[PDB]
Structures are given as structure tokens and as C-alpha cells.
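Enquirer: Mind having a look at this structure? Questions to follow.
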Protein chains: 2
Amino acid sequence: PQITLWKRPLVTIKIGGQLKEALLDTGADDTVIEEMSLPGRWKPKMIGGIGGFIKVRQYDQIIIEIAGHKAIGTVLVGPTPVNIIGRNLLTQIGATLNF
Amino acid sequence: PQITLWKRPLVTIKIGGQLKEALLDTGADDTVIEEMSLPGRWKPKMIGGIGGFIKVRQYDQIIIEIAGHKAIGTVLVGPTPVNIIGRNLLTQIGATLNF
Ligand SMILES: COc1ccc(S(=O)(=O)N(CC(C)C)C[C@@H](O)[C@H](Cc2ccccc2)NC(=O)c2cccc(C(=O)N3CCC[C@@H]3c3nc(C)cs3)c2)cc1
Ligand SMILES: [Cl-]
Ligand SMILES: [Cl-]
Ligand SMILES: [Cl-]
Ligand code: NA
């Protein structure tokens, strides 16, 4: 699809068996989801943005379905105010910015 | 152009006669630039990023070139980890996300 930027680019994702709304975010290196449980191992990480840093859990090899397209990669889980799909998964669904 | 997302989507901007680097950021409603001098009056604004809220200075109707495209609109000045071009100016340069 071609997604307009007149509005926030929100899409439905499926992760861990759960449906969520998430922001397609070209400014995010990594994908960051609000607190939830995910299977398998994880390790702690700090990520920073406006306002400073938060601590997250890094899970590798997690499958997400993003607006109907499956992708696999690392997902960070922690107290983000918004679910963010970052470039590590946008690339896998072939997302580009066009102007 | 068509910009893939394997690398950060960094572009050159020109504001106040100065070239700077900035990140095209579909997850930001607003454009936020590091401390600099801009003309005119400013208004207060709070923005809530991943780590908390910051205060910024809001300047309206500022001339800014983005990747060679002319925009005139609101620029927020404050402590951001990188200069970010948000949707208020991505719409002015005609950007869309596509997959
Ligand atoms: C390493 O992986 C990382 C992943 C994400 C980040 S980040 O979330 O901090 N971020 C990085 C840039 C600052 C370099 C991504 C950026 O797109 C964030 C995404 C983000 C959206 C909403 C809340 C928290 C994070 N936006 C803003 O900072 C930002 C800047 C200026 C204005 C706004 C804005 O429009 N917001 C703030 C709250 C309300 C409104 C929005 N709500 C939503 C739902 C979308 S935008 C966001 C950092 C590291
Ligand atoms: Cl990854
Ligand atoms: Cl590609
Ligand atoms: Cl504007
Ligand atoms: Na894993």
C-alpha cells in the first residue's frame, strides 16, 4: 500500500499471538513494543530518544505480522508509550520512503 | 527519490543558511532541531518522547530545505539526540511510505 503521512502511520500487527496497533517509524532503528511476555531468552538493553533512555528486554528471532506481512527479527519490550515498528522490520516488508 | 531503510534515512537540510544532517522520521508528528538561532518569536511546547517529556521552543513559518525540497513550517528547537524531520514537513515535501 501507499501510506499517506497526513496522519500517523498506524497499522495492525500480530505478535506473540496478540493483535496490537503500532507506528511505522523510519526514525526508529529497532522495534519497541509495550510490556508483554514473549517466549525464549532475552537480555537487557538501554535505548534512548527524546526525553532520555528506557530499559528494555531484547528478544531475538521473533516473528511479527505487520499489516499482513510476516517479518522476523529482534523485538525490544519495555515501557515505551507507543508500539513502534522500526527499520529492522520495515526493511523486511520492503518499506520505502518516497518523494 | 525512493529511500530504503537498511541505513538511517539521513538527509541534508538547510535552515538559517546552514547545512545540517537530519533524520526523516515518520514516527514524529513534529520537526525537532538541536539548539540554534532562529528569527522571530517562539512559543512553548512540550513533547513526550520515548524517555519522557522535554520543553522545546516552537518557531512557526520557518523556511527550511529538506533533501532539496522547499518547506515553510513549524520547527521545534530543543535537546534531541538527532535532528528529526517529522510529518509536518514530510507532508510538505510529498513523502509517503510504501510497501
Ligand atoms: C534503538 O531503537 C530505538 C527505537 C525508537 C527510538 S525513539 O522512539 O526514541 N525514536 C528515535 C528518534 C527520536 C531518533 C523514534 C521516534 O520516531 C519517536 C517515536 C515515538 C512516538 C511517540 C512517543 C514516543 C516515541 N518519536 C519522537 O520522539 C517524537 C518527536 C516529536 C514529536 C512526537 C509526537 O508526535 N508524539 C509524541 C507523543 C504524541 C505524538 C505521537 N504519538 C504517536 C502515536 C505517534 S507520534 C514524537 C529510539 C531508539
Ligand atoms: Cl533484527
Ligand atoms: Cl530492498
Ligand atoms: Cl508546520
Ligand atoms: Na529468541
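Ligands are numbered from 1 in the order shown, chains are lettered A, B, ... in the order of the C-alpha cells, and residues start at 1 in each chain.
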Set the cut-off to 9 Å and count only C-alpha atoms: what are the residues of chain B that reach chain A? Output as a PyMOL selection string.

Expert: chain B and resi 1-9+23-29+47-54+79-82+84+87-88+90-91+93-99

Enquirer: What would the file look like if the residues just selected were written as a tab-separated table (two decimals), in the first residue's frame with C-alpha atoms?

Expert:
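And here's part.tsv as it stands now:
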```tsv
chain	number	residue	atom	x	y	z
B	1	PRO	CA	13.71	9.57	-4.57
B	2	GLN	CA	12.99	6.11	-3.20
B	3	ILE	CA	14.74	5.66	0.18
B	4	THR	CA	15.19	2.18	1.59
B	5	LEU	CA	15.66	1.67	5.30
B	6	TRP	CA	18.71	-0.58	5.64
B	7	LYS	CA	20.53	2.56	6.85
B	8	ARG	CA	19.15	5.56	8.77
B	9	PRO	CA	17.29	7.85	6.33
B	23	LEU	CA	16.58	12.02	10.06
B	24	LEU	CA	13.36	11.54	8.11
B	25	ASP	CA	11.07	10.36	10.92
B	26	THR	CA	7.56	9.10	10.19
B	27	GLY	CA	7.08	8.40	13.94
B	28	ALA	CA	7.31	12.11	14.78
B	29	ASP	CA	4.37	14.48	14.28
B	47	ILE	CA	6.90	16.90	23.56
B	48	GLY	CA	6.76	13.42	25.03
B	49	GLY	CA	9.30	11.06	23.55
B	50	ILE	CA	10.37	7.57	24.47
B	51	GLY	CA	12.15	8.61	27.66
B	52	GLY	CA	9.91	11.37	28.97
B	53	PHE	CA	8.92	14.95	28.26
B	54	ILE	CA	11.10	17.82	27.15
B	79	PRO	CA	17.58	18.76	23.16
B	80	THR	CA	17.05	15.93	20.71
B	81	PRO	CA	19.56	13.14	20.13
B	82	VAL	CA	19.44	13.91	16.36
B	84	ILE	CA	14.37	14.93	13.08
B	87	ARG	CA	5.30	14.57	9.40
B	88	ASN	CA	4.51	18.30	9.45
B	90	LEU	CA	7.37	15.33	5.34
B	91	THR	CA	3.88	16.13	4.04
B	93	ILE	CA	7.83	17.60	0.53
B	94	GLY	CA	5.26	14.99	-0.65
B	95	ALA	CA	6.62	11.96	1.21
B	96	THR	CA	4.77	8.69	1.54
B	97	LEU	CA	5.60	5.29	2.94
B	98	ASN	CA	5.23	2.41	0.55
B	99	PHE	CA	5.36	-1.37	0.79
```

Enquirer: Please produce, as CSV, a per-residue contact table for chain A versus ligand 2 (criterion: any atom at most 9 Å away, only C-alpha atoms and all ligand atoms considered), showing the nearest atom pair and its distance in Å to one decimal, sorted by chain then residue number.

Expert:
```
residue,atom,partner,partner_atom_place_in_ligand_line,distance
A:30,CA,ligand 2,1 (Cl),7.4
A:31,CA,ligand 2,1 (Cl),8.4
A:60,CA,ligand 2,1 (Cl),7.2
A:61,CA,ligand 2,1 (Cl),7.5
A:62,CA,ligand 2,1 (Cl),8.8
A:72,CA,ligand 2,1 (Cl),7.1
A:73,CA,ligand 2,1 (Cl),3.7
A:74,CA,ligand 2,1 (Cl),4.2
A:75,CA,ligand 2,1 (Cl),7.4
A:87,CA,ligand 2,1 (Cl),8.6
A:88,CA,ligand 2,1 (Cl),4.9
A:89,CA,ligand 2,1 (Cl),6.7
```

Enquirer: Just give me the gap between CA of residue 59 in chain A and CA of residue 77 in chain A in Å, one decimal is fine.

Expert: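 CA of residue 59 in chain A sits 7.8 Å away from CA of residue 77 in chain A.
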
Enquirer: Would you mind listing what lies within 12 Å of residue 18 in chain B as an MDAnalysis selection string, with only C-alpha atoms counted and same-chain residues fewer than 2 positions away left out?

Expert: chainID B and resid 12:16 20:21 36:38 63:66

Enquirer: Take the residues just selected and output them with N, CA, C and O atoms as a PDB file, in the first residue's frame.

Expert:
```
ATOM      1  N   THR B  12      20.401  15.897   3.988  1.00  0.00           N
ATOM      2  CA  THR B  12      20.845  17.240   4.275  1.00  0.00           C
ATOM      3  C   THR B  12      19.668  18.214   4.250  1.00  0.00           C
ATOM      4  O   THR B  12      18.856  18.136   3.361  1.00  0.00           O
ATOM      5  N   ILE B  13      19.624  19.065   5.282  1.00  0.00           N
ATOM      6  CA  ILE B  13      18.673  20.168   5.340  1.00  0.00           C
ATOM      7  C   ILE B  13      19.433  21.485   5.329  1.00  0.00           C
ATOM      8  O   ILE B  13      20.638  21.529   5.636  1.00  0.00           O
ATOM      9  N   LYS B  14      18.747  22.540   4.954  1.00  0.00           N
ATOM     10  CA  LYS B  14      19.336  23.886   5.039  1.00  0.00           C
ATOM     11  C   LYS B  14      18.358  24.783   5.776  1.00  0.00           C
ATOM     12  O   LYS B  14      17.177  24.882   5.403  1.00  0.00           O
ATOM     13  N   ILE B  15      18.836  25.395   6.834  1.00  0.00           N
ATOM     14  CA  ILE B  15      17.964  26.246   7.662  1.00  0.00           C
ATOM     15  C   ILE B  15      18.841  27.370   8.158  1.00  0.00           C
ATOM     16  O   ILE B  15      19.989  27.125   8.540  1.00  0.00           O
ATOM     17  N   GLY B  16      18.369  28.594   8.093  1.00  0.00           N
ATOM     18  CA  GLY B  16      19.196  29.730   8.507  1.00  0.00           C
ATOM     19  C   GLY B  16      20.466  29.796   7.684  1.00  0.00           C
ATOM     20  O   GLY B  16      21.469  30.326   8.155  1.00  0.00           O
ATOM     21  N   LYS B  20      22.694  21.161   7.641  1.00  0.00           N
ATOM     22  CA  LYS B  20      22.692  20.208   8.749  1.00  0.00           C
ATOM     23  C   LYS B  20      22.238  18.847   8.271  1.00  0.00           C
ATOM     24  O   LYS B  20      21.648  18.733   7.198  1.00  0.00           O
ATOM     25  N   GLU B  21      22.533  17.810   9.064  1.00  0.00           N
ATOM     26  CA  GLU B  21      22.002  16.479   8.791  1.00  0.00           C
ATOM     27  C   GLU B  21      20.721  16.260   9.575  1.00  0.00           C
ATOM     28  O   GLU B  21      20.644  16.689  10.736  1.00  0.00           O
ATOM     29  N   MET B  36      19.810  26.139  18.017  1.00  0.00           N
ATOM     30  CA  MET B  36      20.297  27.076  17.023  1.00  0.00           C
ATOM     31  C   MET B  36      19.451  28.342  17.183  1.00  0.00           C
ATOM     32  O   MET B  36      18.425  28.414  17.848  1.00  0.00           O
ATOM     33  N   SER B  37      19.914  29.386  16.525  1.00  0.00           N
ATOM     34  CA  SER B  37      19.256  30.667  16.445  1.00  0.00           C
ATOM     35  C   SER B  37      18.286  30.729  15.268  1.00  0.00           C
ATOM     36  O   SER B  37      18.659  30.489  14.108  1.00  0.00           O
ATOM     37  N   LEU B  38      17.039  31.030  15.566  1.00  0.00           N
ATOM     38  CA  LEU B  38      16.042  31.257  14.518  1.00  0.00           C
ATOM     39  C   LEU B  38      15.406  32.633  14.735  1.00  0.00           C
ATOM     40  O   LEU B  38      15.291  33.101  15.869  1.00  0.00           O
ATOM     41  N   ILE B  63      11.562  28.888   7.049  1.00  0.00           N
ATOM     42  CA  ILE B  63      11.973  28.368   5.740  1.00  0.00           C
ATOM     43  C   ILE B  63      13.062  27.310   5.940  1.00  0.00           C
ATOM     44  O   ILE B  63      14.058  27.531   6.604  1.00  0.00           O
ATOM     45  N   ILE B  64      12.832  26.112   5.370  1.00  0.00           N
ATOM     46  CA  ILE B  64      13.792  25.034   5.556  1.00  0.00           C
ATOM     47  C   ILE B  64      13.803  24.210   4.288  1.00  0.00           C
ATOM     48  O   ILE B  64      12.745  23.901   3.730  1.00  0.00           O
ATOM     49  N   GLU B  65      14.982  23.871   3.783  1.00  0.00           N
ATOM     50  CA  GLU B  65      15.070  22.999   2.600  1.00  0.00           C
ATOM     51  C   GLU B  65      15.381  21.600   3.079  1.00  0.00           C
ATOM     52  O   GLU B  65      16.258  21.469   3.951  1.00  0.00           O
ATOM     53  N   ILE B  66      14.713  20.582   2.559  1.00  0.00           N
ATOM     54  CA  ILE B  66      14.899  19.202   3.012  1.00  0.00           C
ATOM     55  C   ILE B  66      15.203  18.327   1.801  1.00  0.00           C
ATOM     56  O   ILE B  66      14.322  18.184   0.963  1.00  0.00           O
TER      57      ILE B  66
END
```

Enquirer: Smallest atom-to-atom distance to ligand 5: which of A:42, A:56, A:22, A:11, using only C-alpha atoms and all ligand atoms?

Expert: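 The shortest atom-to-atom distance to ligand 5 comes from A:42.
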
Enquirer: In chain A, what's strand (DSSP E) per DSSP? Answer as an mmCIF file with N, CA and C atoms, in the first residue's frame?

Expert:
```
data_model
loop_
_atom_site.group_PDB
_atom_site.id
_atom_site.type_symbol
_atom_site.label_atom_id
_atom_site.label_comp_id
_atom_site.auth_asym_id
_atom_site.auth_seq_id
_atom_site.Cartn_x
_atom_site.Cartn_y
_atom_site.Cartn_z
ATOM 1 N N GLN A 2 0.305 2.381 -0.312
ATOM 2 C CA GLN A 2 0.978 3.666 -0.199
ATOM 3 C C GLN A 2 0.303 4.311 1.006
ATOM 4 N N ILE A 3 1.109 4.590 2.020
ATOM 5 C CA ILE A 3 0.543 5.184 3.244
ATOM 6 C C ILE A 3 0.851 6.653 3.274
ATOM 7 N N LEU A 10 -0.195 4.331 11.474
ATOM 8 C CA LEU A 10 -0.526 3.245 12.409
ATOM 9 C C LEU A 10 -1.033 2.059 11.625
ATOM 10 N N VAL A 11 -0.582 0.865 12.005
ATOM 11 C CA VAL A 11 -1.071 -0.354 11.390
ATOM 12 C C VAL A 11 -1.329 -1.407 12.458
ATOM 13 N N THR A 12 -2.067 -2.454 12.072
ATOM 14 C CA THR A 12 -2.270 -3.573 12.991
ATOM 15 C C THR A 12 -1.131 -4.554 12.822
ATOM 16 N N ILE A 13 -0.620 -4.990 13.968
ATOM 17 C CA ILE A 13 0.386 -6.054 13.948
ATOM 18 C C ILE A 13 -0.095 -7.251 14.780
ATOM 19 N N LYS A 14 0.512 -8.408 14.511
ATOM 20 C CA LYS A 14 0.265 -9.581 15.339
ATOM 21 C C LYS A 14 1.618 -10.057 15.880
ATOM 22 N N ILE A 15 1.709 -10.162 17.196
ATOM 23 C CA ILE A 15 2.958 -10.527 17.824
ATOM 24 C C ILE A 15 2.622 -11.325 19.077
ATOM 25 N N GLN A 18 -0.886 -11.927 19.858
ATOM 26 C CA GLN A 18 -1.726 -10.799 20.177
ATOM 27 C C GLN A 18 -1.842 -9.733 19.087
ATOM 28 N N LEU A 19 -3.017 -9.141 18.888
ATOM 29 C CA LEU A 19 -3.151 -8.036 17.944
ATOM 30 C C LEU A 19 -2.865 -6.727 18.678
ATOM 31 N N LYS A 20 -2.085 -5.882 18.029
ATOM 32 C CA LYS A 20 -1.728 -4.604 18.573
ATOM 33 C C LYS A 20 -1.713 -3.553 17.462
ATOM 34 N N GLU A 21 -1.815 -2.292 17.828
ATOM 35 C CA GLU A 21 -1.600 -1.203 16.892
ATOM 36 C C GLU A 21 -0.183 -0.676 17.074
ATOM 37 N N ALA A 22 0.472 -0.369 15.957
ATOM 38 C CA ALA A 22 1.853 0.086 16.057
ATOM 39 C C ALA A 22 2.120 1.108 14.985
ATOM 40 N N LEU A 23 3.113 1.943 15.281
ATOM 41 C CA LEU A 23 3.535 3.043 14.430
ATOM 42 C C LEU A 23 4.657 2.609 13.497
ATOM 43 N N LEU A 24 4.532 2.799 12.183
ATOM 44 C CA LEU A 24 5.614 2.528 11.248
ATOM 45 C C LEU A 24 6.583 3.692 11.360
ATOM 46 N N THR A 31 12.636 -2.105 16.711
ATOM 47 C CA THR A 31 11.231 -2.260 17.038
ATOM 48 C C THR A 31 11.041 -2.338 18.542
ATOM 49 N N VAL A 32 10.119 -1.554 19.069
ATOM 50 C CA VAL A 32 9.923 -1.448 20.524
ATOM 51 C C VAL A 32 8.425 -1.607 20.830
ATOM 52 N N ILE A 33 8.099 -2.621 21.628
ATOM 53 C CA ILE A 33 6.702 -2.907 21.944
ATOM 54 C C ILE A 33 6.451 -2.728 23.416
ATOM 55 N N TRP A 42 16.138 -13.602 26.626
ATOM 56 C CA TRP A 42 16.284 -12.170 26.377
ATOM 57 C C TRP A 42 17.481 -11.584 27.123
ATOM 58 N N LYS A 43 17.872 -10.372 26.723
ATOM 59 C CA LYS A 43 18.917 -9.725 27.511
ATOM 60 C C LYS A 43 18.559 -8.246 27.641
ATOM 61 N N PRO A 44 19.069 -7.630 28.665
ATOM 62 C CA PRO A 44 18.702 -6.215 28.882
ATOM 63 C C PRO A 44 19.448 -5.280 27.944
ATOM 64 N N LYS A 45 18.771 -4.162 27.654
ATOM 65 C CA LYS A 45 19.320 -3.149 26.763
ATOM 66 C C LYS A 45 18.795 -1.784 27.191
ATOM 67 N N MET A 46 19.530 -0.701 26.902
ATOM 68 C CA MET A 46 19.046 0.658 27.091
ATOM 69 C C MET A 46 18.870 1.316 25.735
ATOM 70 N N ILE A 47 17.756 1.981 25.491
ATOM 71 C CA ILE A 47 17.581 2.718 24.231
ATOM 72 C C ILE A 47 17.147 4.131 24.550
ATOM 73 N N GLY A 48 17.581 5.059 23.701
ATOM 74 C CA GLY A 48 17.419 6.465 24.056
ATOM 75 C C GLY A 48 16.752 7.260 22.958
ATOM 76 N N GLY A 49 15.995 8.266 23.378
ATOM 77 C CA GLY A 49 15.334 9.131 22.404
ATOM 78 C C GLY A 49 15.044 10.462 23.059
ATOM 79 N N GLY A 52 15.366 11.004 27.006
ATOM 80 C CA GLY A 52 16.366 10.142 27.643
ATOM 81 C C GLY A 52 16.111 8.673 27.307
ATOM 82 N N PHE A 53 16.580 7.807 28.194
ATOM 83 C CA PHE A 53 16.638 6.381 27.949
ATOM 84 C C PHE A 53 15.610 5.592 28.732
ATOM 85 N N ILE A 54 15.227 4.454 28.157
ATOM 86 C CA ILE A 54 14.483 3.453 28.908
ATOM 87 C C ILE A 54 15.195 2.105 28.832
ATOM 88 N N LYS A 55 14.977 1.279 29.847
ATOM 89 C CA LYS A 55 15.486 -0.089 29.840
ATOM 90 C C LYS A 55 14.457 -1.005 29.184
ATOM 91 N N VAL A 56 14.893 -1.864 28.288
ATOM 92 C CA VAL A 56 14.043 -2.816 27.589
ATOM 93 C C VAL A 56 14.648 -4.226 27.679
ATOM 94 N N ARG A 57 13.816 -5.201 27.330
ATOM 95 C CA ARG A 57 14.254 -6.573 27.152
ATOM 96 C C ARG A 57 14.392 -6.847 25.653
ATOM 97 N N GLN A 58 15.539 -7.375 25.253
ATOM 98 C CA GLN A 58 15.785 -7.678 23.837
ATOM 99 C C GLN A 58 15.542 -9.152 23.581
ATOM 100 N N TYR A 59 14.549 -9.464 22.752
ATOM 101 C CA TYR A 59 14.270 -10.829 22.319
ATOM 102 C C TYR A 59 14.691 -10.983 20.869
ATOM 103 N N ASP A 60 15.448 -12.010 20.518
ATOM 104 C CA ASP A 60 15.830 -12.162 19.122
ATOM 105 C C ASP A 60 14.965 -13.204 18.430
ATOM 106 N N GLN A 61 14.936 -13.159 17.097
ATOM 107 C CA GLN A 61 14.237 -14.151 16.263
ATOM 108 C C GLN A 61 12.747 -14.211 16.591
ATOM 109 N N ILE A 62 12.061 -13.071 16.660
ATOM 110 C CA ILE A 62 10.638 -13.032 16.963
ATOM 111 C C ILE A 62 9.900 -12.749 15.662
ATOM 112 N N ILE A 63 8.811 -13.502 15.432
ATOM 113 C CA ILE A 63 8.049 -13.212 14.210
ATOM 114 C C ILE A 63 6.933 -12.216 14.485
ATOM 115 N N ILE A 64 6.829 -11.221 13.620
ATOM 116 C CA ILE A 64 5.700 -10.284 13.713
ATOM 117 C C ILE A 64 4.969 -10.390 12.377
ATOM 118 N N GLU A 65 3.669 -10.196 12.335
ATOM 119 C CA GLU A 65 2.934 -9.951 11.097
ATOM 120 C C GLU A 65 2.592 -8.468 11.084
ATOM 121 N N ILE A 66 3.013 -7.739 10.078
ATOM 122 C CA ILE A 66 2.858 -6.280 10.064
ATOM 123 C C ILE A 66 1.918 -5.940 8.912
ATOM 124 N N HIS A 69 1.977 -8.637 6.545
ATOM 125 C CA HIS A 69 3.235 -9.171 6.025
ATOM 126 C C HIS A 69 4.092 -9.746 7.135
ATOM 127 N N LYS A 70 4.564 -10.978 7.024
ATOM 128 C CA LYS A 70 5.383 -11.520 8.110
ATOM 129 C C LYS A 70 6.849 -11.080 7.971
ATOM 130 N N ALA A 71 7.456 -10.879 9.129
ATOM 131 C CA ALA A 71 8.862 -10.491 9.238
ATOM 132 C C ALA A 71 9.420 -11.160 10.492
ATOM 133 N N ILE A 72 10.719 -11.386 10.531
ATOM 134 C CA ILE A 72 11.348 -11.918 11.732
ATOM 135 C C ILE A 72 12.522 -11.032 12.108
ATOM 136 N N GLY A 73 12.724 -10.832 13.398
ATOM 137 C CA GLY A 73 13.872 -10.068 13.820
ATOM 138 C C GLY A 73 13.812 -9.833 15.326
ATOM 139 N N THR A 74 14.649 -8.907 15.759
ATOM 140 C CA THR A 74 14.733 -8.585 17.182
ATOM 141 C C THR A 74 13.587 -7.659 17.534
ATOM 142 N N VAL A 75 12.981 -7.893 18.691
ATOM 143 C CA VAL A 75 11.973 -7.024 19.255
ATOM 144 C C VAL A 75 12.371 -6.631 20.670
ATOM 145 N N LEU A 76 12.306 -5.335 20.926
ATOM 146 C CA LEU A 76 12.603 -4.817 22.258
ATOM 147 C C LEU A 76 11.303 -4.609 22.993
ATOM 148 N N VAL A 77 11.226 -4.987 24.245
ATOM 149 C CA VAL A 77 9.981 -4.892 25.013
ATOM 150 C C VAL A 77 10.236 -4.062 26.264
ATOM 151 N N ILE A 84 6.227 0.643 18.391
ATOM 152 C CA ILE A 84 6.995 1.184 17.270
ATOM 153 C C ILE A 84 7.560 0.057 16.420
ATOM 154 N N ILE A 85 7.273 0.074 15.144
ATOM 155 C CA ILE A 85 7.920 -0.821 14.190
ATOM 156 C C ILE A 85 9.089 -0.067 13.573
ATOM 157 N N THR A 96 9.570 1.561 1.890
ATOM 158 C CA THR A 96 10.455 2.656 1.480
ATOM 159 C C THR A 96 9.752 3.982 1.723
ATOM 160 N N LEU A 97 10.570 5.029 1.818
ATOM 161 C CA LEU A 97 10.066 6.388 1.824
ATOM 162 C C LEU A 97 10.183 6.960 0.422
ATOM 163 N N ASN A 98 9.125 7.592 -0.067
ATOM 164 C CA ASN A 98 9.159 8.084 -1.451
ATOM 165 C C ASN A 98 8.747 9.537 -1.511
#
```

Enquirer: Which residues in chain A does DSSP call alpha helix (DSSP H)? List them as a PyMOL selection string.

Expert: chain A and resi 87-90

Enquirer: Emit the selected residues as a PDB file, in the first residue's frame, including C-alpha atoms.

Expert:
```pdb
ATOM      1  CA  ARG A  87      13.769  -0.149  10.472  1.00  0.00           C
ATOM      2  CA  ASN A  88      14.964  -3.657  11.409  1.00  0.00           C
ATOM      3  CA  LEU A  89      11.489  -4.962  10.482  1.00  0.00           C
ATOM      4  CA  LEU A  90      10.450  -2.269   7.953  1.00  0.00           C
TER       5      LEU A  90
END
```

Enquirer: If I take atom 33 (C, counted along the ligand's line) of ligand 1 and CA of residue 67 in chain A, how far is one from the other in Å, to one decimal?

Expert: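 According to the coordinates, atom 33 (C, counted along the ligand's line) of ligand 1 and CA of residue 67 in chain A are separated by 22.3 Å.
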
Enquirer: Which value, in Å to one decimal, gives the distance between atom 15 (C, counted along the ligand's line) of ligand 1 and CA of residue 35 in chain B?

Expert: 19.1 Å
